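One structure below.
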Amino acid sequence: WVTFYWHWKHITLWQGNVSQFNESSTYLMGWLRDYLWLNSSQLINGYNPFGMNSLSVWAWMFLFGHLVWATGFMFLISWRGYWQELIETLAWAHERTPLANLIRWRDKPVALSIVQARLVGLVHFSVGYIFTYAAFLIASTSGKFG
Amino acid sequence: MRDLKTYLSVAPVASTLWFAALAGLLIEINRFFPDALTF
Amino acid sequence: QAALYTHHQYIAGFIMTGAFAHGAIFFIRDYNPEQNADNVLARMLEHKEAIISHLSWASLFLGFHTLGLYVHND
Amino acid sequence: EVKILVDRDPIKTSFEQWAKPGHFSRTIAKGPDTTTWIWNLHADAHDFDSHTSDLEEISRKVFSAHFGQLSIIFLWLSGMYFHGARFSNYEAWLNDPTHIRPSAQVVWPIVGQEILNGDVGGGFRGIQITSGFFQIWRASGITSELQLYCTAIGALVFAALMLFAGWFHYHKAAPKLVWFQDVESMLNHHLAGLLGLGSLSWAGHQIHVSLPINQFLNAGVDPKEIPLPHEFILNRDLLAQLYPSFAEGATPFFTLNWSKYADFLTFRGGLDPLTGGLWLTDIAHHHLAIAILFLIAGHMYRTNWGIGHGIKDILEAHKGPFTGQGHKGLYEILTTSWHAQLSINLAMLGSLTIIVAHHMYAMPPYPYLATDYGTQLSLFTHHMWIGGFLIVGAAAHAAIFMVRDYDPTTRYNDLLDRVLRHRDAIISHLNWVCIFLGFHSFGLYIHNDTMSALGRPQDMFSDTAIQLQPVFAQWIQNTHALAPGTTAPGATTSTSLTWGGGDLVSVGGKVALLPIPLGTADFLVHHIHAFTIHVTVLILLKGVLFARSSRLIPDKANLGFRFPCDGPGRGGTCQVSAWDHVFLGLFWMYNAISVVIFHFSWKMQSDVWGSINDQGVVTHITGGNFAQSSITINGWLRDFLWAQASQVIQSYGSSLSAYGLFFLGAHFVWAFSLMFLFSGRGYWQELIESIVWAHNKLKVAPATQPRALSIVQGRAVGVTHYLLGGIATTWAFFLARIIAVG
Amino acid sequence: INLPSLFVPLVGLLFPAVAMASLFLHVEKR
Amino acid sequence: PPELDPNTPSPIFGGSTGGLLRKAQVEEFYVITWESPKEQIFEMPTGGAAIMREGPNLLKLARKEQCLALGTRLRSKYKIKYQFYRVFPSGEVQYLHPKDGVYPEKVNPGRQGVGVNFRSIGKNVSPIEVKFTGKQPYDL
Amino acid sequence: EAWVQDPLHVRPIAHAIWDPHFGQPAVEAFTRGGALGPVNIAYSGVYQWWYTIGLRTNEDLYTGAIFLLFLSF
Amino acid sequence: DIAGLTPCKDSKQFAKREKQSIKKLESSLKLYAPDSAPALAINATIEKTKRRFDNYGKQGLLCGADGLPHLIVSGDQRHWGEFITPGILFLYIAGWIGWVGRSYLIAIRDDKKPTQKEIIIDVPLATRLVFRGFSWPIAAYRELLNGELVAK
Ligand code: CLA
Ligand code: CLA
Ligand code: CLA
Ligand code: CLA
Ligand code: CLA
Ligand code: CLA
Ligand SMILES: CC1=C(/C=C/C(C)=C/C=C/C(C)=C/C=C/C=C(C)/C=C/C=C(C)/C=C/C2=C(C)CCCC2(C)C)C(C)(C)CCC1
Ligand SMILES: CC1=C(/C=C/C(C)=C/C=C/C(C)=C/C=C/C=C(C)/C=C/C=C(C)/C=C/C2=C(C)CCCC2(C)C)C(C)(C)CCC1
Ligand SMILES: CC1=C(C/C=C(\C)CCC[C@H](C)CCC[C@H](C)CCCC(C)C)C(=O)c2ccccc2C1=O
Ligand code: SF4
């Protein structure tokens with residue numbers, strides 16, 4: 001919230017029309033449409049079926065950030081017991097598959113710990129959070145210089 | 001009948017009747033005195 | 001200017017959460033109730049329900065009304 | 001000896017139990033000590049197993065509850081017909097269906113909400129409906145609000161009759177157990193009776209009302225001047241002038257000169273080009289033949305006479321070298337477990353609804369339906385969701401059957417036992433194929449996004465680069481297009497204009513259907529579908545196969561169907577219950593159906609829907625952009641979501657603004673669901689303690705002690721708001737877009 | 001280019017392989 | 001005096017993918033025994049149905065918890081008594097349950113307390129008082 | 001050195017990029033500033049910082065780096 | 001004026017907004033016959049729009065550059081209708097609800113099974129307490145002064 005606010009107040013300042021912020025910011029559709037949607041058009045065209053440009057990295061990192069964030073949701077929503085039972089069927093399958101039978105693990109495969117998954121999920125969530133917004137922030141501001 | 005009056009007093013039933021009455025009151029105040037921003 | 005402001009407000013946020021996380025760790029590993037008996041730190045634990053429930057109240061007030069006001073405008 | 005067996009006055013009708021919350025449950029009936037009581041009351045309301053262990057008394061409850069549901073549906077249909085009669089532009093819509101937008105709801109003027117009454121044509125102001133009722137009523141030959149009023153009264157009567165029957169068959173004449181178990185009689189009566197006499201009697205309406213009235217509508221005569229439907233029954237010559245087969249009456253039917261009826265019973269195929277829907281003469285001939293098949297099929301099973309099979313005989317006779325005893329014992333299982341029945345029926349009813357989605361878009365069965373892009377996008381999406389929910393329900397009651405009803409000592413079955421004896425081989429195989437699918441479907445997109453970002457569009461999986469042509473689907477398409485002249489000689493044209501070939505059908509300058517091309521992009525999105533469906537089955541099937549036990553939890557079945565876990569030990573056992581697998585499978589069902597409907601929306605707007613020129617220059621809604629855009633995730637972000645979200649986010653200030661608000665509202669509910677899914681009740685119970693203290697300080701604590709939601713409820717609340725917000729967002733996104741550009 | 005063509009494959013292919021192989025043997029040792 | 005362990009017959013079972021794995025060859029495994037009055041179907045803790053034989057019954061299992069789960073089911077449903085053991089890869093056997101010939105639910109003399117703290121739980125010291133000692137508050 | 005002579009008309013360069021996955025259109029698009037190859041532009045503000053406090057020449061920067069390397073050691 | 005605003009009754013952008021709004025509705029109005037039900041309805045919205053804009057102008061509301069009313073909640077006596085006054089009304093009603101709510105929990109707290117009157121409202125009892133709310137400031141202040149309001 002604070003950085004959205006800082007950025008949208010400044011990008012409309014730099015562009016020479018603070019009134020875009022003064023009017024569209026009093027309701028939330030304004031933020032979604034006139035801040036996020038309006039300012040995404042150069043970023044998501046950093047590459048398209050017609051070529052690419054220097055905004056290509058940020059377009060790719062922008063989606064990368066969405067992907068890491070969403071992967072975090074897996075560790076946050078599905079919890080351990082589901083995955084421990086699944087891994088067991090893979091332990092079985094591995095010890096019953098010829099040729100692969102020859103190879104053996106030195107560390108028994110186990111689902112992550114309860115706490116571990118909260119952390120791994122949090123880290124994915126935070127990492128994608130930051131990479132998504134930084135890609136947007138930099139591309140939207142540098143694609144026009146405010 | 002007394003069993004029915006007990007049921008009509010159960011939390012959900014008493015809530016819809018209460019909030020229905022409330023909604024009707026607020027709707028009619030807004031039909032009679034619409035667009036009130038001050039007071 | 002956009003990257004610099006955003007970079008420090010996120011750094012600051014993480015740093016603030018660590019400040020409370022190590023307050024918690026202090027309370028478990030290091031806090032000696034008897035050598036702090038009746039002092040300002042012990043008295044915080046004595047009235048934790050007062051502290052927590054007023055933060056709860058302040059958060060409820062700000063959420064209902066801020067969201068209520070934006071939703072009205074929408 | 002199949003006979004009517006009923007008990008007289010089993011349960012006394014009394015308000016006594018209405019006054020006693022939780023009477024059905026012995027634990028709940030004692031009253032609340034805590035707020036957790038409030039929720040278990042509702043979670044257990046329809047769990048008739050936990051109320052009583054008597055199978056007869058359970059069956060009586062589900063029987064009358066079914067009447068309750070039928071009552072609700074009739075009341076629902078009563079309102080649909082009533083609004084068409086009283087608050088609609090259906091009469092005006094009949095004169096100009098290409099332009100007038102169906103509307104059957106009008107909002108009262110309060111707090112500025114009149115703006116939702118939109119300028120929909122016909123001198124009417126209301127909300128544009130997408131249920132498609134107008135196309136139904138027209139195809140039924142309904143011509144006035146008077147006819148809808150009478151249908152609404154009949155629906156209301158049937159609603160009362162169904163409610164009366166539910167009270168009657170529970171409190172007055174409740175069927176005995178063996179009456180419900182007569183599955184042979186039921187199957188016969190549903191095939192021949194419900195399916196057969198339903199399709200036959202509906203065929204009669206199509207012949208004597210729907211065919212003639214639609215011929216006048218399509219000829220152009222005003223609906224107020226079309227002869228009333230009963231005049232085609234009172235006076236045959238009216239019919240005979242449209243179809244001279246009626247001149248000879250019922251004589252050519254019994255003389256096997258059925259070819260004489262070839263003017264109102266046809267096998268044309270394709271679409272009526274002046275209406276955009278399937279030929280009403282092909283449809284009437286469909287219900288005719290279909291009615292015959294069910295009337296004879298309802299004679300397969302043995303009852304009070306000699307002919308027919310016992311269903312047990314057919315089961316006990318199928319068994320192989322790999323399976324042993326085979327289907328023996330299944331007749332006892334499916335006549336004693338309601339959940340086993342419900343699992344199969346949910347599986348098939350769900351699957352069938354997904355088929356209805358496909359068939360109704362590629363073979364539009366209603367006049368002027370195919371060109372109401374808003375109704376058709378709604379119908380396909382609506383039935384996908386309904387289908388996907390019912391399927392996930394099959395896994396739950398399959399899982400519920402394994403915990404509660406499975407008993408190898410009394411009701412053994414070697415097929416079920418054989419699967420339980422190698423569930424590790426099944427689940428590990430489904431695990432690997434899911435990993436293969438995911439890499440070789442979604443990973444190709446990631447390849448494309450990375451290639452396209454690096455300035456290397458020659459290395460993408462594209463129609464203009466490394467091509468992945470769906471040869472087999474392309475082959476099936478080209479086959480069906482050549483069926484009418486070859487493998488289906490009686491068929492004039494193909495069953496669908498989608499069949500890669502033919503031409504095009506337009507109604508009112510709007511494209512109805514053309515051949516749908518299937519290229520590289522269609523290859524990718526089809527392997528996403530196979531991937532997402534596989535993972536959904538992996539989670540759900542794993543949940544049923546280890547519902548009783550696993551190497552981790554040897555006595556899991558004793559923990560019940562629905563339980564949070566068995567504690568932090570064994571490294572952690574959260575979400576081992578079969579119920580938790582259904583919780584996880586809903587998210588994946590949601591995922592799978594979301595990209596299915598996205599696949600549908602983008603394809604139709606890009607390669608099918610659009611406006612045709614005076615000379616035939618078709619302009620599609622998004623102009624064929626699907627081929628080069630839908631092969632990267634950035635293409636779906638930019639060219640689909642970002643571009644098509646325009647309508648909903650600029651809907652404020654117009655009659656579509658309610659979609660604007662729902663778009664934001666559903667985002668909110670979806671984000672709100674994450675609070676429940678990401679946290680845990682220990683945090684919340686401690687929080688509540690500080691809050692309870694504050695209430696105690698002022699003498700305002702409730703005697704019903706506030707508790708955090710149970711672990712399972714947290715999950716249920718989470719997934720419920722996740723699905724509601726998620727789906728509602730797409731709902732508001734779809735309707736705003738398609739009503740604004742369709 | 002005369003140095004990036006040397007250090008980029010060294011720090012991005014060789015060093016991680018040598019590091020991943022080193023750590024694999026320390027963590028697996030007994 | 002703990003029971004013995006011969007080579008009694010095992011129940012009638014077609015085999016499943018739920019049984020012993022490499023751990024049994026290299027670490028340990030478990031065997032439960034019991035006497036049934038008649039042949040009857042029961043559920044294997046590893047999935048599926050098997051038929052126990054009347055009289056002696058031996059069953060190899062991968063985990064202790066699988067043994068106790070089956071045995072708990074033998075007392076409740078079948079009312080039969082059971083024992084089980086831990087078997088090592090050297091052939092060494094170890095009797096496990098019921099330990100002193102008596103199921104642990106019922107008091108039995110000769111058992112010595114393990115892990116009993118003679119105070120209420122809320123009297124554990126604060127972590128700071130056992131810091132840099134190797135003990136937790138619940139160890140004193 | 002070009003930035004300090006025209007600080008409002010030169011995108012400051014962070015470092016060179018050398019990525020063998022690039023196609024030719026990516027090599028062109030990222031060639032910016034006065035550089036002879038693909039580069040990243042710096043959003044850290046170090047050019048303005050170093051310029052304001054006195055740094056002017058690439059040498060100034062080199063001996064600063066060496067001194068900090070000594071401090072690291 | 002306050003905060004660089006100007007009275008909505010003098011504001012040109014306020015007047016423009018009313019004009020653009022009526023023109024919007026008139027574009028729809030011209031679709032329908034003048035006796036028709038939609039024409040009457042759109043006209044009803046138009047008159048209500050006109051009543052609203054004149055009403056905000058006559059109540060003294062300040063407008064910003066956007067042409068929209070902006071509320072002054074600082075305490076300034078020309079704007080008590082924008083916060084102080086509806087706020088006193090809110091607190092009066094909110095306290096009434098809470099005081100009545102506490103009266104009921106106290107009334108049933110010594111009953112046999114108290115949670116029974118929490119899931120099944122004793123409506124007769126409630127009709128007797130509902131008007132205790134009218135005087136909650138005096139009743140709550142009185143329970144305070146004599147140790148009855150808070151527990152120790
Ligand atoms: C948009 C998503 C969302 C929302 C709305 C909330 C809302 C809230 N969170 Mg939460 N949270 C979220 C995401 C969200 N969270 C996530 C992702 C996490 C990480 C796990 C958390 C973790 C978390 C913790 C750990 C805490 C909160 C707290 C709070 C409360 C903050 C105080 C407040 O605003 O009071 C106002 C309340 C609201 C704004 C909630 C919505 C009110 C609705 C709109 C009113 C409905 C009225 C209407 C008639 C309803 C009709 C519905 C119909 C079906 C009957 C509030 C209930 C804190 C709390 O409980 O403080 C007291 C707290 O301790 N949250
Ligand atoms: C699925 C069924 C369905 C749905 C969703 C609707 C929805 C709607 N109808 Mg409709 N209608 C239906 C069926 C339905 N109708 C049927 C079957 C008929 C024929 C009998 C009608 C006849 C009809 C008329 C004549 C009108 C509507 C109107 C409306 C609209 C406003 C209704 C309103 O605010 O009521 C007001 C709200 C209430 C009356 C609710 C009162 C709240 C109480 C306290 C709830 C009682 C709860 C209690 C415990 C249970 C009682 C059960 C009892 C019936 C046995 C709304 C869009 C109006 C409209 O469109 O205006 C432009 C209108 O005038 N409808
Ligand atoms: C006035 C008529 C009447 C009366 C006095 C009774 C009395 C009784 N019935 Mg009976 N019954 C009736 C009509 C009646 N029934 C009808 C019409 C049917 C057909 C559905 C049944 C079917 C039936 C079954 C199947 C069972 C009973 C049971 C009972 C006993 C307790 C039921 C209870 O707690 O109800 C209070 C319940 C309610 C008020 C629930 C409301 C019911 C409707 C259908 C809900 C529909 C709401 C709808 C979904 C909208 C909500 C969604 C939206 C708001 C979000 C009691 C002896 C039960 C029993 O004896 O078991 C011990 C039992 O199992 N009855
Ligand atoms: C014909 C279909 C059918 C039938 C008859 C049943 C019947 C049953 N199911 Mg089943 N189920 C179905 C479909 C069906 N299910 C489907 C499609 C799914 C997948 C979602 C499931 C998933 C499922 C699970 C996971 C569980 C059951 C359980 C049960 C049993 C208890 C139900 C109960 O008391 O709930 C009472 C009903 C409620 C409390 C309703 C809750 C409100 C819902 C969830 C929200 C609806 C939102 C609404 C659509 C939008 C309005 C929003 C608005 C209000 C703002 C009962 C035998 C439970 C059980 O233990 O069985 C023994 C159980 O745990 N079922
Ligand atoms: C976008 C977020 C996301 C992603 C990527 C996944 C990914 C996966 N989930 Mg998952 N999940 C998620 C969200 C997500 N989930 C959420 C929110 C929930 C909560 C409901 C779940 C709940 C859930 C369950 C319950 C199940 C899964 C399953 C799966 C697996 C499916 C098999 C597959 O395709 O493997 C292939 C992997 C991918 C397609 C991921 C992308 C791979 C990239 C493109 C390749 C990278 C190449 C290389 C490594 C480059 C890196 C180099 C680097 C080291 C330097 C897969 C690992 C199922 C499973 O385990 O089946 C096997 C399963 O049962 N998930
Ligand atoms: C008698 C009713 C009553 C009363 C007097 C209070 C009073 C209070 N609550 Mg509480 N509360 C109530 C009901 C009530 N609550 C209920 C039903 C809930 C469940 C939703 C809560 C949940 C709640 C939370 C989560 C928090 C409080 C807090 C507080 C304190 C600050 C004010 C506040 O935040 O209001 C907030 C009020 C709500 C969030 C909802 C309550 C509003 C309902 C509608 C009123 C009760 C209606 C009741 C059915 C009336 C029936 C009476 C009839 C039979 C005659 C204050 C002690 C806060 C606190 O501790 O600060 C120190 C806090 O954090 N309350
Ligand atoms: C305006 C102004 C002013 C004033 C200012 C001031 C006075 C301020 C203050 C400020 C402040 C005053 C702030 C505060 C902050 C706070 C914080 C941020 C805190 C935090 C905390 C924490 C985090 C804690 C933790 C813990 C725990 C929990 C436990 C124990 C330990 C510890 C403590 C660690 C002046 C005069 C200059 C002038 C100019 C203007
Ligand atoms: C829409 C609707 C409705 C309505 C419906 C209706 C209108 C119906 C009708 C129906 C009908 C009206 C039906 C009929 C039926 C009939 C039948 C089903 C018949 C059968 C027959 C037969 C089976 C035959 C036999 C025979 C033979 C085979 C040979 C010769 C002899 C004879 C002829 C005898 C309602 C209101 C409900 C609800 C809402 C919606
Ligand atoms: C936020 C939430 C909390 C707290 C939310 C609960 C307590 C829901 C509260 C529901 C209602 C609002 C309680 C009050 C219900 C009364 C009927 C209200 C009466 C007042 C009138 C207006 C009707 C937990 O219970 C927890 C459960 C386990 C996983 C995480 C979740 C979750 O994240
Ligand atoms: S975290 Fe919740 S669910 Fe997972 S184990 Fe502990 S208690 Fe059971």
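Residue numbering restarts at 1 in every chain; chains get A, B, ... in the order shown in the structure tokens, and ligands count up from 1 in that same order.
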Close residues to ligand 9 using only C-alpha atoms and all ligand atoms, limit 9 Å, as a ChimeraX atom specification: /B:11-12,15 /D:35,38,672-685,687-688,706-715,717-718
Using only C-alpha atoms, I'd like every residue of chain C that has an atom within 10 Å of chain G; please write them out as a PDB file with N, CA and C atoms, in the first residue's frame.
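File written: selection-v3.pdb
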ATOM      1  N   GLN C   1      14.501   7.293  -8.347  1.00  0.00           N
ATOM      2  CA  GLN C   1      13.842   7.708  -7.118  1.00  0.00           C
ATOM      3  C   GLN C   1      12.788   6.700  -6.714  1.00  0.00           C
ATOM      4  N   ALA C   2      12.128   6.088  -7.708  1.00  0.00           N
ATOM      5  CA  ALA C   2      11.117   5.075  -7.440  1.00  0.00           C
ATOM      6  C   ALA C   2      11.730   3.803  -6.850  1.00  0.00           C
ATOM      7  N   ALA C   3      12.867   3.364  -7.408  1.00  0.00           N
ATOM      8  CA  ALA C   3      13.526   2.162  -6.909  1.00  0.00           C
ATOM      9  C   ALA C   3      14.083   2.400  -5.517  1.00  0.00           C
ATOM     10  N   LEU C   4      14.701   3.563  -5.290  1.00  0.00           N
ATOM     11  CA  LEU C   4      15.291   3.848  -3.984  1.00  0.00           C
ATOM     12  C   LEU C   4      14.235   3.910  -2.877  1.00  0.00           C
ATOM     13  N   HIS C   7      12.863   0.228  -2.436  1.00  0.00           N
ATOM     14  CA  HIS C   7      13.884  -0.612  -1.836  1.00  0.00           C
ATOM     15  C   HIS C   7      14.001  -0.362  -0.333  1.00  0.00           C
TER      16      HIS C   7
END
Residues within 12 Å of ligand 7, counting only C-alpha atoms and all ligand atoms, as JSON, numbers by chain: {"C": [12, 13, 14, 15, 16, 17, 18, 19, 20, 21, 22, 23, 24, 25, 26, 27, 28, 29, 30, 31, 32, 36, 40, 41, 42, 43, 44, 45, 48, 51]}
Hey, can you spit out that residue selection with C-alpha atoms as an mmCIF file, in the first residue's frame?
data_model
loop_
_atom_site.group_PDB
_atom_site.id
_atom_site.type_symbol
_atom_site.label_atom_id
_atom_site.label_comp_id
_atom_site.auth_asym_id
_atom_site.auth_seq_id
_atom_site.Cartn_x
_atom_site.Cartn_y
_atom_site.Cartn_z
ATOM 1 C CA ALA C 12 12.490 -1.272 6.603
ATOM 2 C CA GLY C 13 9.433 -3.543 6.736
ATOM 3 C CA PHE C 14 11.428 -6.763 7.015
ATOM 4 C CA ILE C 15 13.642 -5.074 9.617
ATOM 5 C CA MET C 16 10.591 -4.101 11.669
ATOM 6 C CA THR C 17 9.251 -7.664 11.681
ATOM 7 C CA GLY C 18 12.617 -8.908 12.884
ATOM 8 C CA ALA C 19 12.481 -6.377 15.684
ATOM 9 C CA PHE C 20 9.371 -7.999 17.099
ATOM 10 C CA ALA C 21 10.505 -11.543 16.281
ATOM 11 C CA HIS C 22 13.579 -11.021 18.480
ATOM 12 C CA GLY C 23 11.396 -9.440 21.136
ATOM 13 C CA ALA C 24 9.532 -12.741 21.163
ATOM 14 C CA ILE C 25 12.769 -14.752 21.268
ATOM 15 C CA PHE C 26 13.922 -12.542 24.134
ATOM 16 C CA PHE C 27 10.781 -13.417 26.086
ATOM 17 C CA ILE C 28 11.403 -17.177 25.701
ATOM 18 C CA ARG C 29 15.162 -17.636 25.889
ATOM 19 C CA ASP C 30 16.310 -14.776 28.065
ATOM 20 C CA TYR C 31 13.555 -13.241 30.198
ATOM 21 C CA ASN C 32 13.922 -13.884 33.939
ATOM 22 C CA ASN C 36 12.301 -8.240 36.489
ATOM 23 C CA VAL C 40 7.928 -1.893 33.470
ATOM 24 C CA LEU C 41 8.820 -4.936 31.371
ATOM 25 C CA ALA C 42 7.059 -7.456 33.667
ATOM 26 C CA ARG C 43 4.073 -5.118 33.844
ATOM 27 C CA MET C 44 3.671 -5.412 30.053
ATOM 28 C CA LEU C 45 3.124 -9.172 30.479
ATOM 29 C CA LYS C 48 -1.100 -8.189 27.732
ATOM 30 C CA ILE C 51 -2.607 -4.173 25.080
#
Within 8 Å of ligand 8 (only C-alpha atoms and all ligand atoms), residues as JSON, numbers by chain: {"D": [74, 77, 78, 81, 150, 151, 152, 153, 154, 155, 156, 157, 158, 197, 198, 200, 201, 202, 204, 205]}
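Neighbours of residue F:9 closer than or equal to 10 Å, with only C-alpha atoms counted and sequence neighbours fewer than 4 positions away skipped, come out as residues 33, 52, 53, 55, 56, 57, 58 and 59 of chain F.
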At most 9 Å from ligand 6 (only C-alpha atoms and all ligand atoms): residue list as a VMD selection string: (chain B and resid 11 15) or (chain C and resid 49 to 61) or (chain D and resid 687 to 688 690 to 702 706) or (chain H and resid 94 to 95 97 to 105 117 to 118 121 to 123 125 to 130)
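If you look at atom CA of residue D:212 and atom CA of residue D:234, they are 13.6 Å away from each other.
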Expected selection as a PyMOL selection string for ligand 4 within 7 Å, only C-alpha atoms and all ligand atoms: chain D and resi 42-49+346+389-394+396-397+400+561-562+579+582-583+720+724
Closest atom pairs, chain A residues within 12 Å of ligand 5, only C-alpha atoms and all ligand atoms, as CSV:
residue,atom,partner,partner_atom_place_in_ligand_line,distance
A:63,CA,ligand 5,1 (C),10.7
A:64,CA,ligand 5,1 (C),10.0
A:65,CA,ligand 5,1 (C),10.4
A:66,CA,ligand 5,1 (C),8.0
A:67,CA,ligand 5,1 (C),5.2
A:68,CA,ligand 5,1 (C),7.0
A:69,CA,ligand 5,2 (C),7.5
A:70,CA,ligand 5,2 (C),4.4
A:71,CA,ligand 5,2 (C),3.5
A:72,CA,ligand 5,2 (C),7.0
A:73,CA,ligand 5,17 (C),4.1
A:74,CA,ligand 5,16 (C),3.5
A:75,CA,ligand 5,18 (C),7.2
A:76,CA,ligand 5,19 (C),7.5
A:77,CA,ligand 5,19 (C),5.0
A:78,CA,ligand 5,19 (C),5.1
A:79,CA,ligand 5,25 (C),8.8
A:80,CA,ligand 5,25 (C),10.3
A:81,CA,ligand 5,25 (C),10.8
A:82,CA,ligand 5,25 (C),7.3
A:83,CA,ligand 5,60 (O),7.7
A:84,CA,ligand 5,60 (O),10.9
A:85,CA,ligand 5,64 (O),10.7
A:86,CA,ligand 5,60 (O),7.9
A:87,CA,ligand 5,60 (O),9.1
A:89,CA,ligand 5,62 (C),11.3
A:90,CA,ligand 5,62 (C),10.2
A:111,CA,ligand 5,60 (O),11.2
A:121,CA,ligand 5,17 (C),10.0
A:124,CA,ligand 5,2 (C),10.1
A:125,CA,ligand 5,2 (C),10.6
A:128,CA,ligand 5,1 (C),10.9
Shell of 10 Å around stretch 46-54 of chain G, only C-alpha atoms, local chain residues under 3 positions omitted, as a PyMOL selection string: chain G and resi 1+3-4+7+11-14+42-43+57+60-61
